[PDB]
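Reading the structure
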Amino acid sequence: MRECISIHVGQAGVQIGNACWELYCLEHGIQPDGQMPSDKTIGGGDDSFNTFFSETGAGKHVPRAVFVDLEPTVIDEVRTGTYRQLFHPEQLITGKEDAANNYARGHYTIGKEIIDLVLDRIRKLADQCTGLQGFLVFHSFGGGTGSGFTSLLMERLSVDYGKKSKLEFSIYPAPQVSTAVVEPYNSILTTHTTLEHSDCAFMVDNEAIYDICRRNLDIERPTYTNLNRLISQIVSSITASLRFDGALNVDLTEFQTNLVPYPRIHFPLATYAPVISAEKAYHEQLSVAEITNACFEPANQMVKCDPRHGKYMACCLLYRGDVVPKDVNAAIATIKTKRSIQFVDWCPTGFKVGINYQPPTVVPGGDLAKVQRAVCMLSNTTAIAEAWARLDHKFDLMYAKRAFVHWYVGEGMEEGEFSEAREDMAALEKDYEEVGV
Amino acid sequence: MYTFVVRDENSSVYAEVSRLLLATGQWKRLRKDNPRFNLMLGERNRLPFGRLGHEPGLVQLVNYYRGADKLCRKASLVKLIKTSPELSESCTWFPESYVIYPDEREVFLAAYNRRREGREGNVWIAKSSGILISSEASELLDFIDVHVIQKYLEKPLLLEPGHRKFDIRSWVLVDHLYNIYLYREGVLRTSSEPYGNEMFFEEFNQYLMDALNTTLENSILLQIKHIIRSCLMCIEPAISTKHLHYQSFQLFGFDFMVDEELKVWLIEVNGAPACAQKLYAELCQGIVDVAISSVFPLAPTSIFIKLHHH
Amino acid sequence: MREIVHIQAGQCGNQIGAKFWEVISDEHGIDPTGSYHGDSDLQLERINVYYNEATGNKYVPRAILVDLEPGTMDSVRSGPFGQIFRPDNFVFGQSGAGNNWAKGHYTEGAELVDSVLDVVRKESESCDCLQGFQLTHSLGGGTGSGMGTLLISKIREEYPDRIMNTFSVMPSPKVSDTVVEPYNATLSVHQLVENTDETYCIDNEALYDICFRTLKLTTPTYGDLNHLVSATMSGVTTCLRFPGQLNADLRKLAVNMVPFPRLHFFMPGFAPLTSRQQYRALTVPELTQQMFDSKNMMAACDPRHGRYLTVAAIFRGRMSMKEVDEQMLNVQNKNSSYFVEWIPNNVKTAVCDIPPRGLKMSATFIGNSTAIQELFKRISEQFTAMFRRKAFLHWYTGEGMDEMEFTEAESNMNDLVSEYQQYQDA
Amino acid sequence: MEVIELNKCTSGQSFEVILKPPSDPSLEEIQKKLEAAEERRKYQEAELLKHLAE
Ligand SMILES: Nc1nc2c(ncn2[C@@H]2O[C@H](COP(=O)(O)OP(=O)(O)OP(=O)(O)O)[C@@H](O)[C@H]2O)c(=O)[nH]1
Ligand SMILES: Nc1ncnc2c1ncn2[C@@H]1O[C@H](COP(=O)(O)OP(=O)(O)CP(=O)(O)O)[C@@H](O)[C@H]1O
Ligand SMILES: Nc1nc2c(ncn2[C@@H]2O[C@H](COP(=O)(O)OP(=O)(O)O)[C@@H](O)[C@H]2O)c(=O)[nH]1
Ligand SMILES: COc1cc(Cn2cc3ccc4cnoc4c3c2)cc(OC)c1
Ligand SMILES: [Ca+2]
Ligand SMILES: [Ca+2]
Ligand SMILES: [Ca+2]
Ligand SMILES: [Mg+2]
Ligand SMILES: [Mg+2]
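Method of determination, as annotated in the archive: X-ray crystallography, at 2.294 Å resolution.

Okay, here's the thing in structure tokens:
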């Protein structure tokens, strides 16, 4: 058994982490007090769920998690929430002044004051690991802490844990639920600094989650809780292979091996189905063929783009529930005759498939209906470069007038870091074009 | 009040569509780089499809189908027609072509040498997306030093009196629902030389009745509608914007040749076509009616023929 | 635990500041005795931003009351909520400033500024994490104008890494005490351009026009004018005082509203403005349209004569947030030419469930528009009319100032106008 | 259409289906850049306090 440590940075990372760890406890039968009646090895064990949970002598299953935020109000909810007993105070790290939506403040000014404290607490989790695989980092692109402190932490993790893997769950900024005009700045600044430190990054666009919540859950104005309930399901079906018995994506290294042929092109596109409303009493259970075909509808992707006008480098199908291999291959055989699936010439046109018979768990009283079978498709398509092109364009509009730049230089940043970060993104857009065009 | 932007000032068709949109009083033209628009009359090259359908609270419509260039580029049309299972099976209406990179060099000469061996008609036209027509394959390959080598219709239908060659231009509108509308009016561009140079359908129909005892609909237009439907249905799974965050429509220009046996051949598809001077007003109004007002309604026969498909 | 230290200076600063504390104390359920008697959890969750907690479950405003004469501050101490203020936080002199910026800034006010900084220090030393300061004052008088900007400069020296926010009342010949108001305001604007992060421009011309034309008040009093200021100040601080989906502080407001350091002067706006119909229910589309209407702006500048750099809207009351986002996006899409294209998505809307007193729902508008140059042009013209003849300058040279300090103040304000016009045509 | 690498267990099942075959900065460097930004912060603040002292 090899352990995975989760790190949640900023409001978006913390609130999402709280939703993920609640869902994890429901999936593994871990009560809010930390007890797990199904676990017969008291105070130890090398089971699959021990990748995310350690065990105390009293039988409490403690997440291998650390929450960090430059202000205390969001993490205080973890100290008060239903799963407060799950964590010990050392896992919850808070500062005084937040980054005020300013990457320079989260990275340079305030992050530098707290970076050693965070690393020491992570080291305390790493010392309890017999064989750490690496880290899962949850953060926003637009937040001052989610962008600023994360890129500082990712730099330091590559130093202190050079042989370890680092996967990212990143919230791409959407104006409908944004909090700052400078989120394009923070998004590009943190991508430039984190690029060579992340082995695989899963971008979730809030625009896609918002619209999926509106059109599939009939939610008029989705709040953060609505979005995080859906995001937690997508994160769970991605990390399920690390928490349960399986053979696909069983360690963080296999995520890079199966999805990232080129190191810079490490942003797989996630597609999840089905999303059914709980208020919908009469529900018709979708088949394997129907949910697999839904993996190719852009309205079900975590980032809105058109994979038809791109090229696939890698594809992974993660099924949960009543799915048999034969049904998958019949669905794939039908889909290839109809859909536009173009792979690059230097890669095999194929799918790595993983099935876990346990159907998805939904939060009781939530908006999501319990289904018999669901699938998450991870596909590294060049089409996700559209999201970079949109983001770089919004960056170029503000930066052409140097708007808001003084708040960053005022914290010790240099104007050249902006252009240096933008040139990298320009090179990244070129890397995607050279692969798929 | 709907908003639209103009990003192709050279488009004579959509300069008229823009003129009609403002003449309704319910459309407002914004600056070309204003993202808060409903309709984009976009540019022919490098249209930022990746930035459409991302403005909150806006239904955005563009006048171009992303990926439609596969049909409007001569080399892409040949490869598409040759590799698509829905087309390559037939293609009895498409002249024999070969994509020759400056590759099917061996396959062209194989069919070419067969024609000279059998003393058959061995005249091929080479073009790109500068044209040379020759009966010697050596002159063709040297002319292109990506091009395509197509068979030149050695037996075209010649209008009389005048012994003149012609082509047929048809305008096809595809809306956001992927309905295929064929404009009722085409044009015949006469060569004016023995084998303003524009003959419309009413006269051409009368000629076919007088000279050949048949009708345009029966002798030519059935094959035209068949070719238009085959080409557009073939790429529909690749370009449709049915469940997309933005919607697309596009006006196409199909170009046909007619041989002396009243058989219709496809020549090219134009993604950015101009119109006939007499027909600009009617067609641009139909574009507003079925392609623009359908998505953005405003506060009777049809000038289009709806090519029915599943 | 991010605390804001509030400072009110001069007659106008103490009068609008005292009304601010009456209004938000009522919203947070704090009686005049400092005891909480509200019925909502939202009232107390972020109460620490503006209130300290004394023993006995009392809440004391973190407010400092300053004036060079005791008159206005005696009215506060005798006023409704006068007993809720910390008695040590009353810092007052006896001489007054004579509606003279030089007396406030250089002679009379320098004598008193040290004891004000002592009270600021004691409040700041007991802050878990200080956000910065909000100051209420006028620019046309002497204490709030002259001594207020002297305070701002000295506070910045001791707290250079904290936010400085002001509610600055602009003078108008429609509501004028002395003819030297353009002098005092031009000297203050010079200080504000350099030493504040966020200034709410509260033009008395607009307040008078709203009372006269909209509210149909033939003879508006300062109480009528301050009724609008209380309402506006409640709205613009809603997202600092109450928990919601978007929790703000003084620094997040500055970062997102101020694209260039000097252009930090905001147009406030409020809806509804109803003449006593106060029972009639306003729809979300109506609030949104009135909120952007120039007749609801508190800065006497026509927004259609400029372009919006950034906009922050706050809706209060129980309503459909879906419909709020619809109407706010509709206004942007209808009038897209009035929002700069080089700041994408420059309008952010927040919603609070608790409406202000006496309203089922309201809407407050914080805009950084280039039209605000109209306000500074008006002051600059009034200034130049007198200064070209050096009229009334002896009141200031008699306090040690020389004309060059006036010439530099007018030059800096003309630059501010030109800077706003520059980005209006960018 | 070929199914390879079929691994089964009690919790689930995984395999691969193929259709068509194909054709760091040290701690010192980081610390210097962080301290450089702090120096530029202190310099800008010193100029401010100098201006205010004037
Ligand atoms: N899906 C989702 N997105 C969130 C959530 N919280 C914040 N965001 C997004 O994150 C972005 C803002 O970043 P935050 O995480 O709130 O800021 P931060 O990391 O705490 O850093 P600061 O800006 O200094 O407060 C916005 O674009 C939000 O849409 C959340 O709970 N769920
Ligand atoms: N295989 C063929 N047989 C006979 N004539 C042919 C031919 N291919 C092309 N032509 C001639 O060339 C014309 C169309 O060729 P081409 O595709 O180059 O047009 P074009 O793109 O240069 C201008 P436009 O787009 O307006 O038609 C036909 O109308 C015909 O006169
Ligand atoms: N809105 C409003 N304006 C005021 C009030 N009192 C004074 N003013 C304005 O402030 C200016 C006079 O300044 P004042 O505050 O009396 O001088 P100070 O006490 O020396 O700071 C004039 O422009 C007045 O119109 C008030 O209560 N409300
Ligand atoms: C919405 O109300 C607010 C907002 C704030 C912060 N702010 C201002 C913004 C202006 C434009 C855009 C674009 N995306 O985000 C924002 C903004 C966020 C502070 C506040 O404190 C008084 C009240
Ligand atoms: Ca165990
Ligand atoms: Ca590394
Ligand atoms: Ca004295
Ligand atoms: Mg935060
Ligand atoms: Mg007075």
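1. Points about the sheet that holds strand 8 (residues 200–205) of chain A
All names here are of chain A. Strands sit in the order 5-4-1-6-7-8 across an open sheet of 6 strands; the sheet is parallel. The open sheet terminates on both sides in strands that have one partner only, identified here as strand 5 (92–94) and strand 8. Each adjacent strand pair in this sheet contributes to an overall mean axis angle of 15°, direction not counted.

2. Re the sheet that holds strand 5 (residues 90–92) of chain C
Residues and elements named next belong to chain C. Strands sit in the order 5-4-1-6-7-8-9-12-10-11 across an open sheet of 10 strands; the sheet is mixed. In this open sheet, the two strands that pair with only one neighbour each are strand 5 and strand 11 (347–352). Neighbour-to-neighbour, the strand axes of this sheet turn through a mean angle of 20°, independent of strand direction. Judged from the 2 bridges that link them, strand 8 (residues 198–203) and strand 9 (residues 265–271) form a sheet pairing that is parallel. Directly across from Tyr-200, in strand 9, lies its bridge partner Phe-266.

3. Examining the interface of chain C and chain D
Between chain C and chain D, the residue contacts involve 4 residues of the former and 5 residues of the latter. Interface of chain C and chain D: buried area, both sides summed, is about 440 Å²; carbon and sulfur atoms make up 67% of it. Run the count over chain C and chain D and you get 0 salt bridges. Summed over the shared surface of chain C and chain D, the result is 0 residue pairs in polar contact. Each residue belonging to the side of chain C that touches chain D can be placed in one class, and the counts come to 1 nonpolar, 1 polar and 2 charged.

4. What about helix 8 (residues 224–243) of chain A?
Taken as a whole, helix 8 of chain A carries its principal kink of about 35° at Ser237(A). In terms of residue burial, helix 8 of chain A counts as a mostly covered element, since 18 of its 20 residues are buried.

5. Considering the domain arrangement of chain A
Residue and element names in this part refer to chain A. Once the domains are mapped, chain A shows domain 1 (3–259) and domain 2 (269–387). The distance between the C-alpha centroids of domain 1 and domain 2 comes to 24 Å. Counting residues at the interface gives 33 residues for domain 1 and 32 residues for domain 2. Taken together, the two surfaces of domain 1 and domain 2 that pack against each other cover about 3,000 Å², and 65% of this comes from carbon and sulfur.

6. Let's talk about the packing of aromatic side chains
With the rule as written, the count across this model stands at 64 aromatic pairs over all chains. Relative to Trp388(A), the ring of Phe267(A) lies with its centre 4.9 Å away and its plane at 75°, an arrangement referred to as edge-to-face. Pair noted here: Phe267(A) is in the loop between helix 9 (252–259) and strand 9 (269–273) and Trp388(A) is in helix 12 (residues 385–399), with a separation of 121 residues, a long-range link. Pairing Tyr183(C) with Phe406(C) gives two aromatic rings, centres 5.2 Å apart and planes at 85°, and the pair type is edge-to-face. By way of ring pairs, the aromatic residues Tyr185(A), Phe395(A), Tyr399(A), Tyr408(A) and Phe418(A) are connected into one cluster. One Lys or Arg, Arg36(B), reaches over the ring of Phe339(C) and ends 5.1 Å from the middle of that ring. Sitting above the plane of the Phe200(B) ring, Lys278(B) keeps its charged end 3.4 Å from the centroid.

7. A few points about the pattern of salt bridges
Counted according to the given criterion, the structure contains 66 salt bridges over all chains. Between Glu297(A) and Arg339(A) there is a salt bridge, with the nearest N and O atoms lying 2.7 Å from each other. Of the two residues, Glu297(A) sits in the loop between helix 10 (288–294) and strand 10 (312–321) while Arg339(A) sits in the loop between helix 11 (325–338) and strand 11 (349–356), which places them 42 residues apart along the sequence. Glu43(B) is the salt-bridge partner of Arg7(B), the closest N and O atoms lying 2.9 Å from each other. Linking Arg7(B) in the loop between strand 1 (2–6) and helix 1 (12–23) with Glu43(B) in the loop between strand 3 (39–41) and strand 4 (61–62), this pair joins segments that are 36 residues apart in sequence. For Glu43(B), a relative accessible area of 14% corresponds to the buried category. Through salt bridges with shared partners, a single network forms among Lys174(C), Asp203(C), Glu205(C), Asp209(C), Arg213(C) and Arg378(C).

8. As for the site of ligand 1
Lining the immediate surroundings of ligand 1 are 23 residues, of which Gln15(A), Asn101(A), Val177(A), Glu183(A) and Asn228(A) lie closest. Site remark: ligand 1 is flanked by residues from chains A and C. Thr145(A) places a polar main-chain atom, nitrogen or oxygen, 2.8 Å from an oxygen atom of ligand 1. Within the side chain of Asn228(A), an N or O atom sits 2.6 Å from a nitrogen atom of ligand 1. Of all elements in the fold, only helix 1 (10–28), helix 5 (144–160) and helix 8 of chain A reach the threshold of two or more residues within the shell around ligand 1. A per-class count over the shell around ligand 1 returns 8 nonpolar, 13 polar and 2 charged.

9. Topic: the arrangement of the chains
By number of contacts, the leading pair among the 5 pairs of chains in contact is chains A and D. The two units chain B and chain D never meet; even their closest C-alpha atoms stay 16 Å apart.

10. What to know about the side chain of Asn102(A)
Mapped onto the fold, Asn102(A) is located in the loop between strand 5 and helix 3 (103–109). Ignoring any residue separated from it by four or fewer positions in sequence, one finds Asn102(A) in contact with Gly144(A), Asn186(A), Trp407(A), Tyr408(A) and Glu411(A).

11. A word on the pairing of strand 5 (residues 97–100) of chain B
Residues and elements named next belong to chain B. Where burial is concerned, the two faces of strand 5 agree: the one with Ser-97 and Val-99 and the one with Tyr-98 and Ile-100 are both buried. Both strand 5 and strand 8 (residues 147–151) contribute to a ladder of 4 bridges, which runs antiparallel. Residue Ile-100 lies in a different strand from strand 8, and its bridge partner there is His-147.

12. What about the side chain of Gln424(C)?
All names here are of chain C. Take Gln-424: it is sitting in helix 16 (residues 403–424). A polar atom in the side chain of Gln-424 sits 3.0 Å from the backbone oxygen of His-305. Those residues in contact with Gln-424, other than ones at most four positions away along the chain, are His-305, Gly-306, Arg-307, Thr-370, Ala-371 and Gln-373.

13. Some words on the packing of helix 6 (residues 143–158) of chain C against helix 7 (residues 181–195) of chain C
Residues and elements named next belong to chain C. The interhelical angle for the contact between helix 6 and helix 7, taken along N-to-C directions, is 15°, at an axis separation of 9 Å. Comparing their axes, helix 7 and helix 6 come out roughly parallel. Here helix 6 and helix 7 pass one another in a crossing that is left-handed. Contacts between helix 6 and helix 7 involve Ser-145, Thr-149, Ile-152, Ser-153 and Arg-156 on the former and, on the latter, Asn-184, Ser-188, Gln-191, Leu-192, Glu-194 and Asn-195. Grouping the amino acids of the contact of helix 6 with helix 7 by side-chain chemistry returns 2 nonpolar, 7 polar and 2 charged.

14. What to know about the interface of chain D and chain A
Each side of the interface is counted separately: chain D has 31 residues, and chain A has 40 residues. Our count for the chain D to chain A interface comes out at 3 salt bridges. Our enumeration of links across chain D and chain A arrives at 14 residue pairs in polar contact. When contributions to the side of chain D that touches chain A are tallied by element, the ones reaching two or more residues are strand 1 (2–8), strand 2 (12–20) and helix 1 (27–53) of chain D.

Reading the values: the criteria
For every chain, the first residue of the written sequence is numbered 1 and the count continues from 1 onward along that sequence, whatever numbering the entry uses; residues with no coordinates are hidden. Note on labels: chains are lettered from A, ligands numbered from 1, in written order. The chains in this view make up only part of a larger assembly, and the values are for that part alone. By convention in this description, side-chain values take in all heavy atoms of the structure and omit both hydrogens and water. The pairing criterion is simple: DSSP has to find at least two bridges between the two strands. Helix numbers and strand numbers start at the N terminus; a helix is a DSSP run of H or I with at least 4 residues, a strand a run of E with at least 2. Fitting a line to C-alpha atoms yields each axis, with helices limited to the stretch in contact; the angle taken between N-to-C directions then spans 0 to 180 degrees. In what follows, residue pairs with any heavy atoms lying within 4.5 Å of each other are defined as contacts. As a working definition, buried area equals the accessible area (1.4 Å probe) given up by two parts on being put together, with both sides summed. A carboxyl oxygen of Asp or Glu within 4 Å of a side-chain nitrogen of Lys or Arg is what we treat as a salt bridge. Polar contact criterion, stated in full: a pair of N or O atoms within 3.5 Å, where within protein one must be able to donate a hydrogen and the other to accept it, and residues adjacent in sequence count only if both atoms are side-chain atoms. Charged means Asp, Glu, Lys or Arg here, nonpolar means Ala, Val, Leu, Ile, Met, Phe, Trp, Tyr, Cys or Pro, and polar covers whatever is left, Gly included. Consider a residue and the seven residues that end there alongside the seven that start there; fitting an axis to each set, the bend is the angle between those axes. Here's how the labels work: a residue is buried when its accessible area is under 20% of the maximum for its type, exposed when over 50%, partly exposed in between, all with a 1.4 Å probe on protein chains only. These domain boundaries are the output of an automatic or database domain assignment. Any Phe, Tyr or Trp ring, taking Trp's six-membered ring, that has another such ring centre within 6.5 Å forms a pair; planes under 30 degrees apart are called stacked, those over 60 apart edge-to-face, and the others tilted. Definition used: whenever NZ (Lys) or CZ (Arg) falls within 6 Å of the ring centre and also within 35 degrees of the ring normal, the charge is taken to sit over that ring. What makes a residue near a molecule or strand is one non-hydrogen atom of that residue sitting within 4 Å of it. Oblique is the label for any angle not covered by the other classes, which are roughly parallel (under 35 degrees), roughly antiparallel (over 145) and roughly perpendicular (65 to 115). In this scheme, a crossing is called left-handed if the near helix is turned counterclockwise away from the far one by less than a right angle; it is called right-handed if the turn is clockwise.

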